[PDB]
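Notes follow once the structure below has been shown.
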Amino acid sequence: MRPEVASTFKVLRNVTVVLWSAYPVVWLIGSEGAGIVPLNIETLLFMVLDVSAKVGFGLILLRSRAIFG
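Note that PDB author numbering has the sequence shown beginning at 163, numbered continuously upward.
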């Protein structure tokens, strides 16, 4: 190995970036029920989108088969 100036600089950046990305992950673990509120909001929004898309797809399919026959 070599404890170079370049070496130590790059090591510092690596550690800091890793810690940063890990920070929200660790939080979520230590706030499963606590910070559930925002999680619920997002899940609801996503589900609504899913439903509307599914309905649209159904309508398209009906139209297509009618035109074909």
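Idealized CB from N, CA, C, for every residue including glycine.
Here the alpha carbons of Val173 and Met163 stand approximately 13 Å from one another. Between the alpha carbons of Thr178 and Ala184 lies a distance of about 10 Å. Between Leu207 and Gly197, the beta carbon gap of about 16 Å keeps them out of contact (Cβ cut-off 8 Å). Per DSSP, reduced to three states, the secondary structure at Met209 is helical.
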